[PDB]
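Below, all heavy atoms of this structure are taken into account, side chains as well, without hydrogens, waters or symmetry copies. The first residue of the sequence shown is numbered 1, and numbering continues consecutively from there.
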Amino acid sequence: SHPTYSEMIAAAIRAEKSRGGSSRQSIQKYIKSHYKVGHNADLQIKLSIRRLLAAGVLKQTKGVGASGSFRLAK
């Protein structure tokens, strides 16, 4: 087991230190090195971020070249 993808993505963002937020890359490398996830985790981490951004719980920032960064809305 592991918690829900959303709960693993909030643990992954709470551990980041930055004047931006976490990248989808940062969040897949944290979750894969700390929980017992399977081979479809890539897919599952993108799907929950798409959902968590729509529900209002993640916020995002985009720049030029800046591929996408995620912070917890409060």
Are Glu16 and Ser26 close enough, and set up right, to give a side-chain contact (heavy atoms from CB on, under 4.5 Å), and what steps lead you there?
CA-CA 8 Å; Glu16 201 65 40; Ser26 306; 4.0 Å; yes
Between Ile27 and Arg24, does the side-chain contact (heavy atoms from CB on, under 4.5 Å) criterion hold? Intermediate values first, please.
CA-CA 5 Å; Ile27 297 168; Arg24 212 171 129 266; 5.7 Å; no
Audit row: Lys32, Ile45, side-chain contact (heavy atoms from CB on, under 4.5 Å) steps and yes/no:
CA-CA 10 Å; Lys32 289 184 185 61; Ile45 291 159; 3.5 Å; yes
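Contact check for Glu7 versus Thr4: side-chain heavy atoms found under the 4.5 Å cut-off. Contact check for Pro3 versus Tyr35: side-chain heavy atoms found under the 4.5 Å cut-off.
With rounding to the nearest 0.5 angstrom, the CD1 atom of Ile9 is 9.0 Å from the CD atom of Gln28. Taking OG from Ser1 and NZ from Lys36, the interatomic distance works out to 11.5 Å, rounded to the nearest 0.5 Å. Taken from CD1 in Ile31 to CG in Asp42, the straight-line distance is 11.5 Å, to the nearest 0.5 Å. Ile49 contributes atom CD1, which lies 9.0 Å from atom NZ of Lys46 (distance to the nearest 0.5 angstrom).
When all heavy atoms are compared, the tightest approach of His2 to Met8 is ND1-CE, 3.7 Å. For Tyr5 against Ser48, the heavy-atom pair with the smallest separation is CB-OG, 3.0 Å.
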What side-chain donor-acceptor pairs closer than 3.5 Å can you find for residues 58-74, not counting sequence neighbours?
{"unit_1": "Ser67", "atom_1": "OG", "unit_2": "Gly65", "atom_2": "O", "d": "2.9"}
{"unit_1": "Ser69", "atom_1": "OG", "unit_2": "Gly21", "atom_2": "N", "d": "3.1"}
{"unit_1": "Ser69", "atom_1": "OG", "unit_2": "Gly21", "atom_2": "O", "d": "3.3"}
{"unit_1": "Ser69", "atom_1": "OG", "unit_2": "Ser22", "atom_2": "O", "d": "3.4"}

